[PDB]
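The structure under discussion appears below in the form of structure tokens.
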Amino acid sequence: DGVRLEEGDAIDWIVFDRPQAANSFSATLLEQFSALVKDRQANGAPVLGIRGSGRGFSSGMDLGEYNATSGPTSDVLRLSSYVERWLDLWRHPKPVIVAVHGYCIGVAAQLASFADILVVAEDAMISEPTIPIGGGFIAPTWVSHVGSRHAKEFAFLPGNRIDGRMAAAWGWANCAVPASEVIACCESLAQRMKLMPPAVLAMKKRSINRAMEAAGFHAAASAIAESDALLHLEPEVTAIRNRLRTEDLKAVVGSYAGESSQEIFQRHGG
Amino acid sequence: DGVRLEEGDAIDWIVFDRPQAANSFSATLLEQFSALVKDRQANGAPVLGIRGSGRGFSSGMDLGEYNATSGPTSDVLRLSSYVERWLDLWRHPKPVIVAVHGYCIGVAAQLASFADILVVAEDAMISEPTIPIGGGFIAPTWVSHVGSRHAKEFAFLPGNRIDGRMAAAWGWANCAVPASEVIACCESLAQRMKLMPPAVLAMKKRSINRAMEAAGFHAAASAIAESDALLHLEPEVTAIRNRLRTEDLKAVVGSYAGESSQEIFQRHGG
Amino acid sequence: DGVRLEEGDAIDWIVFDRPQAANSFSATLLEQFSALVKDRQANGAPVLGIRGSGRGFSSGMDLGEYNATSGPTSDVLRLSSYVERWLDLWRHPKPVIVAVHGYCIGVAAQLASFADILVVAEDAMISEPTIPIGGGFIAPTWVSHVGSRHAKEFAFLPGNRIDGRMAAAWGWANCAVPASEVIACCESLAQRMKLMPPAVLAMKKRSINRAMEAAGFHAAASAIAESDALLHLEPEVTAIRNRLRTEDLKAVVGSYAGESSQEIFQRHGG
Amino acid sequence: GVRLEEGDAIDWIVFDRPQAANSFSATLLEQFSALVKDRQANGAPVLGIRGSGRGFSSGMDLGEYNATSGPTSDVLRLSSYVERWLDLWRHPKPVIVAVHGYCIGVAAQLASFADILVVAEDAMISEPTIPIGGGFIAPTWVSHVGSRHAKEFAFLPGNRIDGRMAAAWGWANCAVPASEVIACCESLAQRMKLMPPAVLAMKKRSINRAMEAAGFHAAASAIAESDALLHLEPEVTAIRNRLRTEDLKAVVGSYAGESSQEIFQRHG
Amino acid sequence: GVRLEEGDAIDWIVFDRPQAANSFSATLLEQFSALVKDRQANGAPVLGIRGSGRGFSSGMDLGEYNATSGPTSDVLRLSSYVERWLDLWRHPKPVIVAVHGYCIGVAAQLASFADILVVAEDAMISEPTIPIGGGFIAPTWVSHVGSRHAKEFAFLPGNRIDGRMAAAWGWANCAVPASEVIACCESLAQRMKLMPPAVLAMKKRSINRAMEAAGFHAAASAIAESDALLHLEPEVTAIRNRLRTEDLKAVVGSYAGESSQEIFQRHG
Amino acid sequence: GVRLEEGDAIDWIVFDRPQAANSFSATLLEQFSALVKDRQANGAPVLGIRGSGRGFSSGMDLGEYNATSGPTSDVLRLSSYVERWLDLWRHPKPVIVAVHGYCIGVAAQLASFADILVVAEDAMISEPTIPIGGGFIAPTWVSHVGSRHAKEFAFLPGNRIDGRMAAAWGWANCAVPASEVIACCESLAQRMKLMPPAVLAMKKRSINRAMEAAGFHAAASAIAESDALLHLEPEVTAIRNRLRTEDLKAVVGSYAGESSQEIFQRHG
């Protein structure tokens, strides 16, 4: 568990609800998430929505999901399994709307790249993982939404982060609204979508997805798992991870944390 | 007929001129349109322009072009024939500039996706078809211009619509100008283009088109006809179409019409 | 020579420094440029930067690099060799940051399309070649950054040009900053990037590049050389080039120079 | 109607519906996929697929098509079949398919997503006997046999080739006598068993990326739509009505005749 | 120089220019396309293409190249040929091409965009005899024969294969005796006739999407440019000038010799 | 350990390291690339590659792998090999590869980026004898042989085919007797010599664009990553440790056995 379904007449919400862990993803959460997604294929409201309870959307993957001992291929298959759970959103017969408020970190920002429609709080924080313990996994899925210059900007600075406004301006989100209006905004869109026959929604979505596929959407994801798994085995990365065995999390993060690229541009008069 | 050619020294305009039907497309109009496009390959001015007479660019396809009795494949081939007429713009040796004012609805917004340069009136209305009688035909051709988030937003709400400013901001148009300056703006661009040797214009265009093709532009269109033809056969769609046999058009539209997605975002503080 | 390396602790700059020719590219400059790029693969700072000395980034290719007598295939191979030197930036294991101030003309604007991160002076001038002596070479490499409408706009008007602000807004640059802050801005980004292990930077970049490749990035460049080489042989182009044999450069440019597309849009109320 | 036969080099998933010539039903297919998933991390290092009895499979049972659910619901059903086959392609283990006797319709689609395909010399690989659909099976063959043979296969009703032909076209790795098909696959698997499983898995992912770069995944992206459209053509629904109202043999008998390869042979 | 022979299973478009060995002129090609378009919704369910007399076609007549119009005008002319062939590929009916005797140059490009290709065992499929161009024909073969044979074909002047070889390479579906080429295509068409036309059309569109996903359409996107560039190489214009000023046989005689496959045979 | 033998139709780059069975070292490879680059605009119109002595090449020497440099450094090393082979593919001259005796591992990757490939009937084309990597060589074959044979090749340890098989699979243009391999390539080159070099160069670029449109370049974009991951699997590092600590023959002897094609033959 750690995931809840809130039914409604226009949109059913899948809600991450692990307050104790800032809605971070575990293997168990993910199994339950996929079970809901599948169940909502033919049950419930005509739109499917995803959001977080509490203070933020999701802090990303629990660090303890990574297991060094199982070897690199087993890591490749684990990471790839995550991408397939997100591709179930893309293949889904209903429109999938993702509502992000507060924090959206790491692999949670990968999930959201596979939504149909993405509405973000103006003040949300969309972030790379805070410590450079991996890579080549999230930002590549942003390329078709934001282009390669911003994807590379996002990826190349440790703990880089943008706000909802910036995510909308880059093209990652459809629109940034005040935090208090995020849910109601999605509900308003869904109430209009509800007037369409579900078969219409489904075929409109399949047909747009073929154009994305033609533009490389699916093949873009074909080696990101390998990329990230290789980095989990670099010695300089296993040493950083070892710092976690001894020291406080905040101290390790603290040696990487600092200005984001957008803060640097603003400071220099952009 | 219903289409006119207005020759000029920098740009020849193909002009939709069916006032009685709000410049909507019929089989006859389309044959004449393609004949002009072909004739302008080697005759006339160095730029080709497309625009509407009167109150708007075009209201789209006449409803009566759809014929249930001929079967689905015959519908696929009809729809596909439309896409090929638009691809003639893309393959054309001259720059093709499309000037939109007032309304640009349905299949007319598909046409305009295959222009080289698109100039739109700030106050134009670019719209999906008003009743969800089809789908998976127009928005997929927008993906390479606006991305998948806005294409899906545009597609998933019945009668969704944006203004010229929004179309420019999404990347669908090059620029939005006041309605009174649309034509003169295109003429000004064309007067500069005129200084280039025509062979230069032609090769610059072919070479950019290869990069689009590499990015999936042509393959993106390969099943949109099938998508739309399938929807024309859904029972829930044939029932809506049957409402047309009995009731006033305005009453049927009226049960689908309402706020656009961009109006919803504005209302919620975007 | 005409290229210099300025080492630093976060970023090493490759600096074009041919004041006598406005940092224009010659065969010799290009050999030295590639030698530096290669040497910086495993030596020096973790980020590689490219910029110009003096008044601007680069005025592009020396006209005298084109040799009519060697035939079209030999021209194809020369032009293609330029593209491969730029692809070495894309394949490079370090982040490559390009800093543009003042002018960035012709083939120099092609180079910059293969950078990872591009920072431009607000007041820089990014320009097509001033006389239509070629084509189908630069703008096709802009398509994945700016879309096909702006690429075609840029290409179809002789000597078309945009400023840094516009280049940022189109998506060609990451950000436009005042001229005096361009270098320091790049240094600030690089100081953050420096905290990442180099293997991380390298794999993040390879993985993003696979997503670009999936979207056609590499295949987009496969015939641009052919396109440009064909145009060098059009009679109307060889006549313009012949005007150079007799007349002042400024007189020939002067018959093509004029308003840019963006100036035309502004004049018409965009 | 599916069972698992475990072994030390290869586990076989075995279609076993003698009453229906190993044809596929929604229930069979759910069980098939549950086995494929289970074999991801359990059992032998190779996964095999084959049929019990007289043939591999006669394809979909006709009753899976439901006119009543509408075209999109049909698209989603057909697409769900393709995804079951893509599970083979995504699978961490080599997937070997062994075909004997008949392999008809959608069962010949399934086999296009195997890694290795061993066919009985004798086998009959066939389009559906009656033209009640299309654009679903042959497009998945293009990658293996080229467009010429895929179009030749698709454009004649009940077209069919034997195992030898399938091997020569490139659809099978090799054609062997019926009595050796299983033992041949076990022999291959015994050699594959010497490789670390992680090696097998990665070799397969890397080859799959080269297929994907060559269009493999995108080539399947509208085949469901194509077939569902044809289920609604008036000429197809009239043929379907013949089936509901005359003897199957009479309807088949109206379409049956020489295969393309028999035509080529006859003309030298 | 083209005619239509109607039939009940297949209508044949027949090149018939005996005085020029069925070579293509701008006038022939306009008439060819007008027939292809007409046969979209009229006549028999299959469309055939073939040549009358001694061969399929000797290719483009040399006079279609005009140095005077400039390179871009040349690119547009060559590209217009490719679009005429793409009309076959887009066509709602199966397109069967029957080749006997000679099939040279651009006529061997045309035949790459047929659905089904039946060749006389005897036929000669040939690159142009003199190297006056390039990069136009063989790239359209890659999809059918692979890059190795396409490069082997393209890199030797006047390289040529027989029908058997073309079938073994994958360019033809099958090679039969010359006297059976037509009757073979009619036989196939009589079976195809039993399928509803809508079924044929959709089967073909769906297979074409799998080709397109595999690069088929994009593979043609710069072949016009490649060939037009070579029409302007000094070494090519000097060969062309030999043609304007010596006997054709003398110029050909300077390039003619063993084909690649004759070389391989000779070396065992 | 590489030399250049100049000729008037073809210049041969010749691997010549008898002490190491023409295996590749970083020094060999730098010299190989310096020759390939030099032959861009110098010498004969065709470039050839071959091995001196008993075989083409045994592949990479094992000492090029350095565990100490980390995985990314390994990815960059493997990728640098692929780029050396892509220089052949980008090269302005036809590149003909002649293989006799053994062609193992990465040497069988190299040969996939030749234009024309002539193999001795006799030759042994082999995966590495011990499974110490993967996902690097076979993915480059898919384009030439299809996914079925590429997977068959990759999934069995030390799998191997002879030249005949390589020709029948499509990896080689043709298999000839060992004593004719060179003279066969010279014969082809003497015909290619009659073509203007500019023609050859453009024919090749245009065919390469059709390959690229079919995925050729993108198919190689993660093979380095795949192989470098497998160099870090515990089961692979244990096999590698056997090599550092037992006789090579004992370790090989644990994996050696029937090839897939021997298995198919044995089963009829």
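Ordering of the structure tokens sets the chain letters (A, B, ...), residue numbers begin anew at 1 in every chain, and ligands are numbered from 1 in the order given.
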* To do: Compute the chain A side of the contact with chain F at 8 Å, counting only C-alpha atoms, and hand it back as a ChimeraX atom specification.
  => /A:71-73,223,226-227,229-231,233-235
Tell me, counting only C-alpha atoms, for each residue of chain E within 9 Å of chain F, which pair of atoms is nearest and how far apart they are in Å to one decimal, in rows ordered by chain and increasing number, as CSV.
residue,atom,partner,partner_atom,distance
E:131,CA,F:195,CA,6.6
E:132,CA,F:199,CA,8.5
E:133,CA,F:199,CA,7.1
E:134,CA,F:203,CA,5.4
E:135,CA,F:203,CA,4.2
E:136,CA,F:206,CA,7.6
E:138,CA,F:207,CA,7.0
E:139,CA,F:207,CA,4.6
E:140,CA,F:210,CA,7.6
E:142,CA,F:210,CA,7.0
E:143,CA,F:214,CA,8.1
E:146,CA,F:144,CA,6.3
E:147,CA,F:211,CA,7.2
E:148,CA,F:116,CA,5.7
E:149,CA,F:173,CA,6.5
E:150,CA,F:207,CA,7.6
E:151,CA,F:115,CA,6.4
E:152,CA,F:116,CA,6.6
E:154,CA,F:203,CA,6.8
E:155,CA,F:192,CA,6.0
E:156,CA,F:192,CA,5.0
E:157,CA,F:195,CA,6.6
E:213,CA,F:214,CA,8.3
E:214,CA,F:214,CA,5.2
E:215,CA,F:214,CA,4.4
E:216,CA,F:214,CA,7.2
E:217,CA,F:213,CA,8.5
E:218,CA,F:213,CA,5.8
E:219,CA,F:210,CA,4.0
E:220,CA,F:210,CA,6.9
E:221,CA,F:210,CA,8.7
E:222,CA,F:206,CA,7.4
E:223,CA,F:206,CA,6.2
E:226,CA,F:206,CA,6.4
E:227,CA,F:202,CA,8.1
E:229,CA,F:202,CA,8.6
E:230,CA,F:199,CA,6.5
E:233,CA,F:198,CA,7.4
E:235,CA,F:196,CA,6.4
E:236,CA,F:196,CA,7.6
E:254,CA,F:194,CA,8.7
E:255,CA,F:194,CA,6.8
E:257,CA,F:191,CA,7.8
E:258,CA,F:191,CA,7.8
E:259,CA,F:191,CA,8.5
E:260,CA,F:188,CA,6.6
E:261,CA,F:174,CA,9.0
E:263,CA,F:184,CA,7.0
E:264,CA,F:184,CA,6.8
E:265,CA,F:176,CA,8.6
E:266,CA,F:184,CA,8.6
E:267,CA,F:180,CA,6.0
E:268,CA,F:176,CA,5.5
May I have the selected residues written with N, CA and C atoms, as a short mmCIF file (atom, residue, chain, number, x, y, z; two decimals), in the first residue's frame?
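Printed below is result.cif as written:
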data_model
loop_
_atom_site.label_atom_id
_atom_site.label_comp_id
_atom_site.auth_asym_id
_atom_site.auth_seq_id
_atom_site.Cartn_x
_atom_site.Cartn_y
_atom_site.Cartn_z
N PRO E 131 28.51 4.92 -66.73
CA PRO E 131 28.38 5.59 -65.42
C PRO E 131 28.19 7.09 -65.50
N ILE E 132 26.97 7.48 -65.81
CA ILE E 132 26.63 8.85 -66.09
C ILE E 132 25.81 9.47 -64.94
N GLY E 133 25.68 8.72 -63.85
CA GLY E 133 24.83 9.10 -62.70
C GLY E 133 25.13 8.17 -61.56
N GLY E 134 24.28 8.19 -60.57
CA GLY E 134 24.38 7.25 -59.48
C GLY E 134 23.70 7.67 -58.24
N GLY E 135 23.59 6.74 -57.31
CA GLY E 135 22.89 6.98 -56.04
C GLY E 135 21.39 7.09 -56.13
N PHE E 136 20.82 6.62 -57.20
CA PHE E 136 19.40 6.79 -57.49
C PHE E 136 18.63 5.49 -57.47
N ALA E 138 20.04 1.91 -56.87
CA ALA E 138 20.37 0.94 -55.79
C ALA E 138 19.85 1.27 -54.36
N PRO E 139 19.92 2.56 -53.92
CA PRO E 139 19.36 2.84 -52.59
C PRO E 139 17.91 2.33 -52.42
N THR E 140 17.14 2.22 -53.51
CA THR E 140 15.77 1.74 -53.39
C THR E 140 15.69 0.25 -53.27
N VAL E 142 17.81 -1.48 -51.14
CA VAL E 142 18.43 -1.90 -49.88
C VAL E 142 17.46 -2.66 -49.01
N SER E 143 16.29 -2.16 -48.98
CA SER E 143 15.19 -2.71 -48.26
C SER E 143 14.85 -4.14 -48.66
N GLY E 146 19.30 -5.98 -48.99
CA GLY E 146 20.39 -5.62 -48.08
C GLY E 146 21.47 -4.71 -48.68
N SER E 147 22.35 -4.19 -47.82
CA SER E 147 23.30 -3.22 -48.23
C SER E 147 24.45 -3.85 -48.96
N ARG E 148 24.77 -5.08 -48.64
CA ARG E 148 25.88 -5.74 -49.34
C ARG E 148 25.62 -5.91 -50.80
N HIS E 149 24.44 -6.43 -51.17
CA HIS E 149 24.17 -6.63 -52.58
C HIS E 149 23.86 -5.34 -53.27
N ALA E 150 23.28 -4.40 -52.56
CA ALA E 150 22.98 -3.10 -53.19
C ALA E 150 24.30 -2.36 -53.56
N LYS E 151 25.29 -2.43 -52.67
CA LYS E 151 26.57 -1.80 -52.92
C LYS E 151 27.29 -2.55 -54.02
N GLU E 152 27.29 -3.89 -53.97
CA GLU E 152 27.87 -4.71 -55.06
C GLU E 152 27.25 -4.35 -56.41
N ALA E 154 25.69 -1.48 -57.26
CA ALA E 154 25.98 -0.07 -57.61
C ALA E 154 27.44 0.23 -57.99
N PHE E 155 28.42 -0.48 -57.42
CA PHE E 155 29.79 -0.06 -57.58
C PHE E 155 30.50 -0.54 -58.82
N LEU E 156 29.86 -1.38 -59.63
CA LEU E 156 30.52 -1.85 -60.90
C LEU E 156 29.73 -1.38 -62.08
N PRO E 157 30.39 -0.83 -63.11
CA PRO E 157 29.67 -0.17 -64.25
C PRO E 157 28.96 -1.19 -65.10
N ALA E 213 7.90 2.34 -41.12
CA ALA E 213 8.53 2.35 -39.81
C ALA E 213 9.99 1.87 -39.92
N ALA E 214 10.27 1.02 -40.93
CA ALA E 214 11.60 0.49 -41.17
C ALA E 214 12.38 1.42 -42.07
N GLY E 215 11.89 2.63 -42.27
CA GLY E 215 12.66 3.60 -43.08
C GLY E 215 12.38 3.71 -44.57
N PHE E 216 11.39 3.03 -45.09
CA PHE E 216 11.24 2.90 -46.54
C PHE E 216 11.08 4.26 -47.28
N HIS E 217 10.24 5.12 -46.74
CA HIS E 217 9.97 6.36 -47.37
C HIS E 217 11.15 7.28 -47.18
N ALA E 218 11.70 7.36 -45.96
CA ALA E 218 12.82 8.28 -45.71
C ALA E 218 14.06 7.89 -46.49
N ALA E 219 14.21 6.61 -46.75
CA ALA E 219 15.38 6.11 -47.56
C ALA E 219 15.44 6.73 -48.94
N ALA E 220 14.32 7.26 -49.46
CA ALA E 220 14.29 7.87 -50.78
C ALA E 220 14.46 9.40 -50.72
N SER E 221 14.75 10.01 -49.57
CA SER E 221 14.50 11.43 -49.47
C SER E 221 15.58 12.33 -50.06
N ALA E 222 16.74 11.76 -50.37
CA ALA E 222 17.84 12.54 -51.01
C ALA E 222 18.45 11.86 -52.22
N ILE E 223 17.80 10.84 -52.75
CA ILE E 223 18.40 10.16 -53.89
C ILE E 223 18.40 11.02 -55.14
N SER E 226 21.40 13.24 -54.92
CA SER E 226 22.67 12.49 -55.12
C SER E 226 22.95 12.33 -56.59
N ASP E 227 21.92 12.01 -57.34
CA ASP E 227 22.07 11.72 -58.75
C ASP E 227 22.31 13.05 -59.47
N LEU E 229 23.74 15.72 -58.44
CA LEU E 229 25.14 16.13 -58.20
C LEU E 229 26.12 15.45 -59.14
N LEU E 230 25.90 14.18 -59.36
CA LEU E 230 26.78 13.40 -60.21
C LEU E 230 26.65 13.78 -61.68
N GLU E 233 29.47 16.31 -62.18
CA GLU E 233 30.89 16.02 -62.02
C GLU E 233 31.59 16.14 -63.36
N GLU E 235 34.24 14.58 -64.53
CA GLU E 235 34.49 13.26 -65.12
C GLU E 235 33.21 12.69 -65.79
N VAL E 236 32.04 13.00 -65.25
CA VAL E 236 30.78 12.53 -65.84
C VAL E 236 30.41 13.37 -67.06
N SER E 254 33.99 0.60 -73.83
CA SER E 254 34.98 0.96 -72.86
C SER E 254 34.66 0.54 -71.39
N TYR E 255 33.39 0.25 -71.08
CA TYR E 255 32.95 -0.01 -69.67
C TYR E 255 32.43 -1.41 -69.47
N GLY E 257 31.90 -5.41 -69.42
CA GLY E 257 32.74 -6.49 -68.96
C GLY E 257 31.99 -7.32 -67.92
N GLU E 258 32.74 -8.09 -67.14
CA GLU E 258 32.14 -9.03 -66.23
C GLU E 258 31.31 -8.32 -65.16
N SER E 259 30.19 -8.93 -64.84
CA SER E 259 29.36 -8.51 -63.75
C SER E 259 29.95 -9.08 -62.49
N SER E 260 29.51 -8.59 -61.33
CA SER E 260 30.05 -9.06 -60.09
C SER E 260 29.74 -10.52 -59.92
N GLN E 261 28.52 -10.92 -60.21
CA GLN E 261 28.18 -12.34 -60.01
C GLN E 261 29.00 -13.24 -60.96
N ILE E 263 32.05 -12.61 -61.81
CA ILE E 263 33.33 -12.67 -61.10
C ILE E 263 33.31 -13.66 -59.97
N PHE E 264 32.25 -13.67 -59.19
CA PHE E 264 32.21 -14.62 -58.10
C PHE E 264 32.20 -16.04 -58.61
N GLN E 265 31.39 -16.32 -59.62
CA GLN E 265 31.32 -17.65 -60.24
C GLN E 265 32.71 -18.12 -60.73
N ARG E 266 33.38 -17.24 -61.48
CA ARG E 266 34.72 -17.53 -62.03
C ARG E 266 35.73 -17.88 -60.93
N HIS E 267 35.60 -17.23 -59.76
CA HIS E 267 36.46 -17.51 -58.64
C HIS E 267 35.90 -18.60 -57.74
N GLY E 268 34.90 -19.33 -58.22
CA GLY E 268 34.39 -20.53 -57.55
C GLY E 268 33.33 -20.19 -56.52
#
Find the nearest atom pair between each residue of chain B and chain C for residues within 7 Å, count only C-alpha atoms, give distances in Å to one decimal, sort rows by chain and ascending number, and present the table as a tab-separated table.
residue	atom	partner	partner_atom	distance
B:116	CA	C:149	CA	6.0
B:117	CA	C:149	CA	5.6
B:145	CA	C:147	CA	6.3
B:174	CA	C:149	CA	6.1
B:175	CA	C:270	CA	6.6
B:176	CA	C:270	CA	5.9
B:177	CA	C:270	CA	4.8
B:178	CA	C:269	CA	6.5
B:181	CA	C:268	CA	6.0
B:185	CA	C:268	CA	6.0
B:188	CA	C:264	CA	6.8
B:189	CA	C:261	CA	6.4
B:192	CA	C:157	CA	5.8
B:193	CA	C:157	CA	4.9
B:195	CA	C:256	CA	6.6
B:196	CA	C:132	CA	6.4
B:197	CA	C:236	CA	6.6
B:200	CA	C:135	CA	6.5
B:201	CA	C:156	CA	6.3
B:203	CA	C:136	CA	6.2
B:204	CA	C:136	CA	4.2
B:207	CA	C:136	CA	5.1
B:208	CA	C:140	CA	4.6
B:210	CA	C:220	CA	6.4
B:211	CA	C:220	CA	4.1
B:214	CA	C:216	CA	4.7
B:215	CA	C:216	CA	4.5
* Give the alpha helix (DSSP H) residues of range 61-232 of chain A, as DSSP finds them on the backbone, and put them as a VMD selection string. => chain A and resid 72 to 91 108 to 111 143 to 146 148 to 156 164 to 170 182 to 193 198 to 214 224 to 231
* Output as an NGL selection string all residues of range 62-198 of chain A that backbone DSSP marks as strand (DSSP E or B). => :A and (96-100 or 103-105 or 117-121 or 125-127 or 161-163 or 175-177)
Output of the above residues as a PDB file, in the first residue's frame, restricted to C-alpha atoms:
ATOM      1  CA  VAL A  96      -4.036  10.583 -17.794  1.00  0.00           C
ATOM      2  CA  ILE A  97      -3.684  13.871 -15.957  1.00  0.00           C
ATOM      3  CA  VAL A  98      -0.864  14.418 -13.511  1.00  0.00           C
ATOM      4  CA  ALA A  99      -1.193  17.087 -10.812  1.00  0.00           C
ATOM      5  CA  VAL A 100       2.012  18.085  -9.117  1.00  0.00           C
ATOM      6  CA  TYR A 103       8.149  18.534  -4.516  1.00  0.00           C
ATOM      7  CA  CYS A 104       8.565  16.250  -7.559  1.00  0.00           C
ATOM      8  CA  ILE A 105      11.931  14.631  -7.326  1.00  0.00           C
ATOM      9  CA  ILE A 117      -1.662  16.389 -19.440  1.00  0.00           C
ATOM     10  CA  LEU A 118       0.445  17.761 -16.593  1.00  0.00           C
ATOM     11  CA  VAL A 119      -0.703  20.595 -14.330  1.00  0.00           C
ATOM     12  CA  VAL A 120       1.799  21.936 -11.838  1.00  0.00           C
ATOM     13  CA  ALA A 121       1.670  24.319  -8.859  1.00  0.00           C
ATOM     14  CA  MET A 125       9.907  22.218  -6.993  1.00  0.00           C
ATOM     15  CA  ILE A 126      10.824  19.839  -9.840  1.00  0.00           C
ATOM     16  CA  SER A 127      14.173  18.400  -9.066  1.00  0.00           C
ATOM     17  CA  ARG A 161      15.691  22.109  -9.893  1.00  0.00           C
ATOM     18  CA  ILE A 162      13.033  24.318 -11.494  1.00  0.00           C
ATOM     19  CA  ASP A 163       9.726  25.676 -10.281  1.00  0.00           C
ATOM     20  CA  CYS A 175       0.281  25.114 -17.276  1.00  0.00           C
ATOM     21  CA  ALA A 176       1.378  26.323 -13.828  1.00  0.00           C
ATOM     22  CA  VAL A 177      -1.438  27.460 -11.449  1.00  0.00           C
TER      23      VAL A 177
END
* Two-atom distance - CA of residue 77 in chain C, CA of residue 91 in chain F (Å) ->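 CA of residue 77 in chain C sits 9.8 Å away from CA of residue 91 in chain F.
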Quick one: residues within 6 Å of residue 12 in chain E, only C-alpha atoms counted, chain neighbours fewer than 3 positions away excluded, as a PDB file with C-alpha atoms, in the first residue's frame?
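Final output, selection-v1.pdb:
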ATOM      1  CA  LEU E   4      -3.896  -0.366 -70.932  1.00  0.00           C
ATOM      2  CA  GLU E   5      -5.011  -3.960 -71.466  1.00  0.00           C
ATOM      3  CA  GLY E  48      -0.186  -5.083 -63.374  1.00  0.00           C
ATOM      4  CA  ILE E  49       2.807  -3.530 -65.057  1.00  0.00           C
TER       5      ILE E  49
END
* Asked: Skipping near chain neighbours, those fewer than 3 positions away, what residues fall within 6 Å of residue 51 in chain D using only C-alpha atoms, listed as an NGL selection string?
  -> :D and (14-15 or 55-56)
* Provide the CA of residue 123 in chain A to CA of residue 186 in chain C distance in Å, to one decimal place. =>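 These atoms are spaced 26.3 Å apart.
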* Asked: Any idea what's packed within 12 Å of residue 83 in chain D, counting only C-alpha atoms, ignoring anything in its chain fewer than 5 positions away? Could you give it as a count of residues only?
  -> 21
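Take the candidates B:47, B:22, B:239, B:179 and check each one against residue 89 in chain B using only C-alpha atoms; the shortest distance goes to B:47.
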* To do: Excluding residue 36 in chain C and residues on its chain fewer than 2 positions from it, collect all residues at most 10 Å away from it, counting only C-alpha atoms, and give them as a PyMOL selection string.
  => chain C and resi 3-5+13-14+30-34+38-41+43
